[PDB]
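One file, coords-v1.pdb, carrying PDB, C-alpha atoms and all ligand atoms:
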ATOM      1  CA  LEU D   1     183.232 -59.424 142.572
ATOM      2  CA  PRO D   2     183.078 -55.936 141.024
ATOM      3  CA  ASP D   3     184.601 -53.192 143.230
ATOM      4  CA  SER D   4     181.393 -51.124 142.914
ATOM      5  CA  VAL D   5     177.792 -51.801 141.890
ATOM      6  CA  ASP D   6     174.812 -49.433 141.428
ATOM      7  CA  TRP D   7     171.520 -51.086 140.461
ATOM      8  CA  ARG D   8     170.119 -47.682 139.449
ATOM      9  CA  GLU D   9     172.513 -47.809 136.479
ATOM     10  CA  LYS D  10     170.867 -51.096 135.548
ATOM     11  CA  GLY D  11     167.338 -49.668 135.482
ATOM     12  CA  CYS D  12     166.192 -51.756 138.442
ATOM     13  CA  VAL D  13     165.360 -49.044 140.986
ATOM     14  CA  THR D  14     162.182 -46.962 141.109
ATOM     15  CA  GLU D  15     161.761 -43.386 142.271
ATOM     16  CA  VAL D  16     162.325 -42.711 145.972
ATOM     17  CA  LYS D  17     159.080 -42.857 147.980
ATOM     18  CA  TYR D  18     157.919 -40.809 151.016
ATOM     19  CA  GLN D  19     156.461 -42.896 153.872
ATOM     20  CA  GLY D  20     155.386 -39.847 155.843
ATOM     21  CA  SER D  21     154.300 -40.361 159.439
ATOM     22  CA  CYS D  22     153.454 -44.028 158.860
ATOM     23  CA  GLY D  23     156.184 -46.488 159.925
ATOM     24  CA  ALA D  24     156.022 -48.502 156.703
ATOM     25  CA  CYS D  25     159.768 -48.531 156.036
ATOM     26  CA  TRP D  26     159.603 -52.346 156.065
ATOM     27  CA  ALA D  27     156.974 -52.362 153.324
ATOM     28  CA  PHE D  28     158.957 -49.937 151.143
ATOM     29  CA  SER D  29     162.144 -51.965 151.616
ATOM     30  CA  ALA D  30     160.303 -55.130 150.569
ATOM     31  CA  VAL D  31     158.639 -53.736 147.456
ATOM     32  CA  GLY D  32     161.935 -52.099 146.535
ATOM     33  CA  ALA D  33     163.729 -55.449 146.517
ATOM     34  CA  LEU D  34     160.928 -57.149 144.574
ATOM     35  CA  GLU D  35     160.779 -54.267 142.038
ATOM     36  CA  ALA D  36     164.340 -55.095 140.928
ATOM     37  CA  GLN D  37     163.540 -58.795 140.479
ATOM     38  CA  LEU D  38     160.415 -57.895 138.513
ATOM     39  CA  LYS D  39     162.506 -55.722 136.162
ATOM     40  CA  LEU D  40     165.094 -58.522 135.787
ATOM     41  CA  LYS D  41     162.321 -60.987 134.940
ATOM     42  CA  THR D  42     160.012 -58.929 132.729
ATOM     43  CA  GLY D  43     162.066 -55.992 131.502
ATOM     44  CA  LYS D  44     159.627 -53.572 133.116
ATOM     45  CA  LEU D  45     160.273 -51.198 136.014
ATOM     46  CA  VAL D  46     157.086 -50.655 137.999
ATOM     47  CA  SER D  47     156.607 -49.432 141.569
ATOM     48  CA  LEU D  48     154.847 -52.046 143.686
ATOM     49  CA  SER D  49     152.251 -51.333 146.364
ATOM     50  CA  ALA D  50     153.759 -50.649 149.767
ATOM     51  CA  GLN D  51     150.179 -49.907 150.885
ATOM     52  CA  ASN D  52     149.089 -53.435 149.877
ATOM     53  CA  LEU D  53     151.669 -54.770 152.383
ATOM     54  CA  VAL D  54     150.735 -52.320 155.151
ATOM     55  CA  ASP D  55     147.044 -53.279 154.866
ATOM     56  CA  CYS D  56     147.322 -56.994 154.112
ATOM     57  CA  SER D  57     150.590 -58.462 155.426
ATOM     58  CA  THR D  58     149.328 -57.857 158.934
ATOM     59  CA  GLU D  59     148.822 -59.888 162.145
ATOM     60  CA  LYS D  60     149.252 -63.290 160.474
ATOM     61  CA  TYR D  61     152.703 -62.082 159.397
ATOM     62  CA  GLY D  62     153.725 -60.547 162.709
ATOM     63  CA  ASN D  63     153.415 -57.090 161.171
ATOM     64  CA  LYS D  64     151.744 -53.988 162.571
ATOM     65  CA  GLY D  65     151.288 -51.757 159.519
ATOM     66  CA  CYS D  66     152.255 -48.161 160.326
ATOM     67  CA  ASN D  67     153.573 -49.402 163.658
ATOM     68  CA  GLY D  68     156.223 -51.639 162.090
ATOM     69  CA  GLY D  69     156.897 -54.836 160.193
ATOM     70  CA  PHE D  70     159.366 -57.276 158.625
ATOM     71  CA  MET D  71     160.581 -57.504 155.028
ATOM     72  CA  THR D  72     160.909 -61.298 155.190
ATOM     73  CA  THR D  73     157.304 -61.813 156.346
ATOM     74  CA  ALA D  74     156.207 -59.247 153.775
ATOM     75  CA  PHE D  75     157.820 -61.476 151.093
ATOM     76  CA  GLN D  76     156.055 -64.518 152.547
ATOM     77  CA  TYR D  77     152.679 -62.735 152.353
ATOM     78  CA  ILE D  78     153.269 -62.025 148.641
ATOM     79  CA  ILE D  79     154.168 -65.689 148.106
ATOM     80  CA  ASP D  80     151.132 -66.965 150.070
ATOM     81  CA  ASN D  81     148.852 -64.381 148.439
ATOM     82  CA  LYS D  82     150.082 -65.309 144.961
ATOM     83  CA  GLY D  83     150.673 -61.631 144.235
ATOM     84  CA  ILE D  84     151.069 -57.966 145.095
ATOM     85  CA  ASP D  85     149.294 -55.095 143.302
ATOM     86  CA  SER D  86     150.983 -52.204 141.493
ATOM     87  CA  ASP D  87     151.517 -48.975 143.459
ATOM     88  CA  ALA D  88     149.507 -47.216 140.728
ATOM     89  CA  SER D  89     146.437 -49.424 141.398
ATOM     90  CA  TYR D  90     146.796 -49.433 145.171
ATOM     91  CA  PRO D  91     148.386 -46.057 146.120
ATOM     92  CA  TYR D  92     150.126 -45.239 149.376
ATOM     93  CA  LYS D  93     148.091 -43.288 151.928
ATOM     94  CA  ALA D  94     150.504 -43.280 154.901
ATOM     95  CA  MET D  95     147.915 -44.931 157.156
ATOM     96  CA  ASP D  96     146.587 -48.346 158.132
ATOM     97  CA  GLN D  97     143.623 -49.543 156.061
ATOM     98  CA  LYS D  98     141.530 -52.661 155.635
ATOM     99  CA  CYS D  99     143.121 -54.986 153.050
ATOM    100  CA  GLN D 100     142.035 -54.004 149.538
ATOM    101  CA  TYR D 101     144.139 -56.452 147.565
ATOM    102  CA  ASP D 102     142.630 -57.502 144.243
ATOM    103  CA  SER D 103     144.273 -60.016 141.889
ATOM    104  CA  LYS D 104     143.030 -57.951 138.924
ATOM    105  CA  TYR D 105     145.691 -55.377 139.850
ATOM    106  CA  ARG D 106     148.552 -57.867 140.388
ATOM    107  CA  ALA D 107     151.893 -56.472 139.167
ATOM    108  CA  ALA D 108     154.262 -59.120 140.592
ATOM    109  CA  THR D 109     154.474 -62.491 142.285
ATOM    110  CA  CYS D 110     157.217 -63.960 144.511
ATOM    111  CA  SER D 111     158.257 -67.601 144.760
ATOM    112  CA  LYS D 112     160.752 -67.463 147.625
ATOM    113  CA  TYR D 113     163.098 -65.266 149.598
ATOM    114  CA  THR D 114     166.564 -65.747 151.083
ATOM    115  CA  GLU D 115     167.935 -64.562 154.430
ATOM    116  CA  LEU D 116     171.715 -63.943 154.454
ATOM    117  CA  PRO D 117     173.874 -65.144 157.403
ATOM    118  CA  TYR D 118     174.033 -62.675 160.288
ATOM    119  CA  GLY D 119     176.637 -59.923 160.003
ATOM    120  CA  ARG D 120     178.519 -61.199 156.939
ATOM    121  CA  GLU D 121     179.290 -58.109 154.876
ATOM    122  CA  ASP D 122     181.188 -60.215 152.354
ATOM    123  CA  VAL D 123     178.125 -62.389 151.773
ATOM    124  CA  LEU D 124     175.973 -59.257 151.466
ATOM    125  CA  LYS D 125     178.400 -57.855 148.863
ATOM    126  CA  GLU D 126     178.122 -61.043 146.795
ATOM    127  CA  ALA D 127     174.317 -60.959 146.942
ATOM    128  CA  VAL D 128     174.140 -57.294 145.851
ATOM    129  CA  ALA D 129     176.535 -57.960 142.996
ATOM    130  CA  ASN D 130     174.963 -61.222 141.825
ATOM    131  CA  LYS D 131     171.308 -61.286 142.834
ATOM    132  CA  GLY D 132     170.088 -57.724 143.126
ATOM    133  CA  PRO D 133     169.156 -55.059 145.723
ATOM    134  CA  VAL D 134     168.875 -56.530 149.229
ATOM    135  CA  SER D 135     166.429 -55.556 151.978
ATOM    136  CA  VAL D 136     168.158 -54.784 155.267
ATOM    137  CA  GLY D 137     167.487 -53.496 158.741
ATOM    138  CA  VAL D 138     169.710 -50.733 160.144
ATOM    139  CA  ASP D 139     169.968 -48.863 163.434
ATOM    140  CA  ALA D 140     168.737 -45.429 162.335
ATOM    141  CA  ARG D 141     167.879 -44.249 165.862
ATOM    142  CA  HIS D 142     170.546 -41.535 166.080
ATOM    143  CA  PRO D 143     170.327 -37.809 165.252
ATOM    144  CA  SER D 144     173.181 -38.077 162.743
ATOM    145  CA  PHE D 145     171.026 -40.363 160.576
ATOM    146  CA  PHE D 146     168.156 -37.842 160.434
ATOM    147  CA  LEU D 147     170.659 -35.051 159.732
ATOM    148  CA  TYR D 148     172.694 -36.916 157.113
ATOM    149  CA  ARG D 149     173.257 -34.825 153.976
ATOM    150  CA  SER D 150     176.110 -36.397 151.990
ATOM    151  CA  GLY D 151     179.233 -38.543 151.905
ATOM    152  CA  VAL D 152     179.884 -41.786 153.739
ATOM    153  CA  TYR D 153     177.818 -42.049 156.898
ATOM    154  CA  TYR D 154     179.681 -43.274 159.970
ATOM    155  CA  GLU D 155     178.170 -42.987 163.455
ATOM    156  CA  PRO D 156     180.392 -44.075 166.424
ATOM    157  CA  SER D 157     177.363 -44.659 168.607
ATOM    158  CA  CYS D 158     175.584 -46.887 166.065
ATOM    159  CA  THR D 159     174.636 -50.387 167.278
ATOM    160  CA  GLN D 160     173.644 -53.723 165.733
ATOM    161  CA  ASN D 161     170.127 -53.365 167.173
ATOM    162  CA  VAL D 162     168.246 -52.549 163.972
ATOM    163  CA  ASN D 163     164.965 -50.654 163.833
ATOM    164  CA  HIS D 164     164.584 -49.229 160.322
ATOM    165  CA  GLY D 165     164.043 -51.141 157.067
ATOM    166  CA  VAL D 166     165.853 -49.901 153.947
ATOM    167  CA  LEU D 167     167.252 -51.203 150.653
ATOM    168  CA  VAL D 168     170.852 -51.739 149.613
ATOM    169  CA  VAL D 169     170.923 -50.948 145.908
ATOM    170  CA  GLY D 170     174.692 -50.971 145.502
ATOM    171  CA  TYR D 171     178.138 -50.531 147.014
ATOM    172  CA  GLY D 172     181.368 -48.712 146.298
ATOM    173  CA  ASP D 173     183.852 -46.325 147.824
ATOM    174  CA  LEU D 174     184.356 -42.592 148.088
ATOM    175  CA  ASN D 175     188.092 -42.140 147.616
ATOM    176  CA  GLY D 176     188.752 -45.313 149.605
ATOM    177  CA  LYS D 177     185.953 -45.008 152.176
ATOM    178  CA  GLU D 178     183.854 -48.077 151.434
ATOM    179  CA  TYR D 179     180.083 -47.737 151.582
ATOM    180  CA  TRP D 180     176.750 -49.497 151.005
ATOM    181  CA  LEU D 181     174.465 -47.478 148.672
ATOM    182  CA  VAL D 182     171.119 -47.321 150.518
ATOM    183  CA  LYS D 183     167.690 -46.312 149.185
ATOM    184  CA  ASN D 184     165.570 -44.880 152.032
ATOM    185  CA  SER D 185     161.824 -44.172 151.973
ATOM    186  CA  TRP D 186     161.879 -40.734 153.608
ATOM    187  CA  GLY D 187     161.351 -38.808 150.372
ATOM    188  CA  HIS D 188     163.792 -37.103 148.000
ATOM    189  CA  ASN D 189     164.805 -34.400 150.459
ATOM    190  CA  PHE D 190     166.475 -36.893 152.776
ATOM    191  CA  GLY D 191     170.248 -37.180 152.394
ATOM    192  CA  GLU D 192     171.535 -37.635 148.844
ATOM    193  CA  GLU D 193     168.190 -37.079 147.179
ATOM    194  CA  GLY D 194     166.663 -39.979 149.081
ATOM    195  CA  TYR D 195     169.774 -42.151 149.439
ATOM    196  CA  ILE D 196     172.423 -42.556 152.111
ATOM    197  CA  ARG D 197     175.872 -44.096 151.665
ATOM    198  CA  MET D 198     176.569 -46.068 154.858
ATOM    199  CA  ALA D 199     179.982 -47.274 156.072
ATOM    200  CA  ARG D 200     180.874 -50.685 154.672
ATOM    201  CA  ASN D 201     183.348 -53.198 156.131
ATOM    202  CA  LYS D 202     183.307 -51.181 159.368
ATOM    203  CA  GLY D 203     182.345 -54.023 161.710
ATOM    204  CA  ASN D 204     178.733 -54.368 160.522
ATOM    205  CA  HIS D 205     178.125 -50.643 161.027
ATOM    206  CA  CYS D 206     174.598 -49.841 162.277
ATOM    207  CA  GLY D 207     173.780 -53.531 161.790
ATOM    208  CA  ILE D 208     173.468 -53.196 158.014
ATOM    209  CA  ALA D 209     174.402 -56.872 157.461
ATOM    210  CA  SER D 210     172.562 -58.106 160.543
ATOM    211  CA  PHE D 211     169.324 -59.121 158.796
ATOM    212  CA  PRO D 212     169.552 -58.991 154.961
ATOM    213  CA  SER D 213     167.059 -60.732 152.681
ATOM    214  CA  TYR D 214     166.068 -60.739 149.027
ATOM    215  CA  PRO D 215     163.103 -62.215 147.110
ATOM    216  CA  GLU D 216     163.060 -64.080 143.812
ATOM    217  CA  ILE D 217     160.409 -64.655 141.154
TER     218      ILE D 217
HETATM  219  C1  LIG X 301     159.783 -48.201 159.759
HETATM  220  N1  LIG X 301     159.323 -47.021 159.369
HETATM  221  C2  LIG X 301     159.547 -48.800 161.130
HETATM  222  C3  LIG X 301     159.605 -47.707 162.195
HETATM  223  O1  LIG X 301     160.923 -47.206 162.249
HETATM  224  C4  LIG X 301     161.178 -46.516 163.468
HETATM  225  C5  LIG X 301     162.356 -45.618 163.237
HETATM  226  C6  LIG X 301     162.176 -44.328 162.774
HETATM  227  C7  LIG X 301     163.276 -43.488 162.542
HETATM  228  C8  LIG X 301     164.563 -43.950 162.781
HETATM  229  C9  LIG X 301     164.758 -45.245 163.246
HETATM  230  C10 LIG X 301     163.656 -46.072 163.472
HETATM  231  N2  LIG X 301     160.462 -49.892 161.503
HETATM  232  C11 LIG X 301     160.107 -51.162 161.312
HETATM  233  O2  LIG X 301     159.069 -51.472 160.742
HETATM  234  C12 LIG X 301     161.051 -52.257 161.817
HETATM  235  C13 LIG X 301     161.830 -52.887 160.656
HETATM  236  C14 LIG X 301     162.802 -54.003 161.059
HETATM  237  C15 LIG X 301     163.482 -54.594 159.813
HETATM  238  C16 LIG X 301     163.856 -53.434 162.015
HETATM  239  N3  LIG X 301     160.185 -53.250 162.473
HETATM  240  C17 LIG X 301     159.541 -52.918 163.594
HETATM  241  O3  LIG X 301     159.710 -51.806 164.094
HETATM  242  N4  LIG X 301     158.732 -53.863 164.166
HETATM  243  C18 LIG X 301     158.060 -53.552 165.451
HETATM  244  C19 LIG X 301     156.635 -54.113 165.508
HETATM  245  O4  LIG X 301     156.666 -55.505 165.180
HETATM  246  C20 LIG X 301     157.092 -55.723 163.832
HETATM  247  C21 LIG X 301     158.522 -55.198 163.602
END
Represent the supplied structure as C-alpha cells.
Ligand SMILES: *C(#N)[C]([C]O[C]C1=[C][C]=[C][C]=[C]1)[N]C(=O)[C]([C][C]([C])[C])[N]C(=O)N1[C][C]O[C][C]1
Amino acid sequence: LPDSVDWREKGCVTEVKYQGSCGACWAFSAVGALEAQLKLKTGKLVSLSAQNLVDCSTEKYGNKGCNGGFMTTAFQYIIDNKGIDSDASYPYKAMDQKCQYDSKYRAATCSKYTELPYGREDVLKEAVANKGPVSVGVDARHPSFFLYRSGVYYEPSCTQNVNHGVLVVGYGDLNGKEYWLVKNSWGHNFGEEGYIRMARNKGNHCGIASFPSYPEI
C-alpha cells in the first residue's frame, strides 16, 4: 500500500459543507463517501443531497434526522430508494423536513455498502487506498476536537465510543506522526479549512476504525 493517499488530489472530494445546528454529520459523511464513487464511475464530481437523507432516510432506517443517524443505513436507504438527488436540486436547510425526494433530480444510485471489521486500522488503510474515502464514526465529544486548528490530533482522553460521523479521505504522516485525513462537515473555518488530521495507528484513536463503511455503485 502507498505510504500516503489524498483523494482530494484525485478529484473525488467536494467542497466542505456546514451542517450548522442540525446533527446531520451522518448524512454528510454518507454523501461524501458516495460522491467519490460517483466520480470514479462517471467522471463527474457533484455534491449529493445530505438534506435528502435527513428528510427521507428516517424512522425506517433507525435515523432521527437532525437528532442523529447512521451512514450504513443511509446507504441502504439510497439502495432501497433507487437513488439520491443532487445537493443542487435538494439543498441543505439544517432542519428536519418532510421527504421531498424526486427521481427526476437523481444524481447517484448505490448498489451495496461494506462495513469494515471493528478496530482494524490496517484494513481501513487498505480500503482508503484501494476503494475510496470511507465513512467513519469518531469520538468527537472532547473540547480539544472543537478547538483543533492544525497538525496531528491526539487526545489522551479520547474513547472508542463514537458519536460523530465524518469521512476519511486519505492518510499520511507529518514528519513521522501518522494520521488519517478527515473531512468534517462543520464548515471551512473548522480546523485545517474543514479537515482534521487524526492520529493513526495509535490504538484506534477516538474509535476512528471502530465502525468504517463505504458504498459502491
Ligand atoms: C452528527 N452531527 C450527530 C450528532 O453529533 C453529536 C456530536 C456533536 C459534536 C461532537 C461530538 C458529537 N451524530 C450522529 O448522527 C451519530 C453518528 C454515528 C456514526 C456515531 N449518530 C447518532 O448520534 N445517533 C443517535 C440517534 O440514533 C441514530 C444514531
Original post:
Using only C-alpha atoms and all ligand atoms, what are the residues with an atom within 9 Å of ligand LIG 301 (chain X), set out as a ChimeraX atom specification?
Top reply: /D:19-29,61-72,135-143,145-146,161-166,185-186,211-212
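When only C-alpha atoms are used to compute distances to residue 125 (chain D), the closest of the residues D:57, D:73, D:4, D:150 turns out to be D:4.
Remark: for residue 157 (chain D), the closest of the candidate residues D:206, D:84, D:94, D:134 is D:206 (distances computed over only C-alpha atoms).
Atom to atom, CA of residue 80 (chain D) and CA of residue 52 (chain D) stand 13.7 Å apart.
CA of residue 129 (chain D) is positioned 25.4 Å from CA of residue 49 (chain D).
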**OP:** List, as number ranges by chain, every residue that the PyMOL selection byres (((chain D and resi 35) around 9) and not hetatm) selects in the file provided.
**Re:** D: 12-14, 30-34, 36-40, 45-48, 108
Original post:
Do you know which residues are at most 7 Å from residue 184 (chain D) counting all atoms listed in the file, after dropping those on the same chain fewer than 6 positions away, and could you put them as a PyMOL selection string?
Top reply: chain D and resi 166-167+194-195
Please tell me which residues are no farther than 6 Å from (172.8, -39.5, 154.6) in the file, counting all atoms listed in the file, and write them as a PDB file with C-alpha atoms, in the coordinates of the input.
ATOM      1  CA  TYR D 148     172.694 -36.916 157.113  1.00  0.00           C
ATOM      2  CA  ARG D 149     173.257 -34.825 153.976  1.00  0.00           C
ATOM      3  CA  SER D 150     176.110 -36.397 151.990  1.00  0.00           C
ATOM      4  CA  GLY D 191     170.248 -37.180 152.394  1.00  0.00           C
ATOM      5  CA  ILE D 196     172.423 -42.556 152.111  1.00  0.00           C
TER       6      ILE D 196
END
**OP:** Given the file shown, enumerate the residues that the PyMOL selection byres (((chain D and resi 100) around 12) and not hetatm) captures and present them as an NGL selection string.
**Re:** :D and (49 or 51-57 or 84-85 or 89-92 or 96-99 or 101-106)
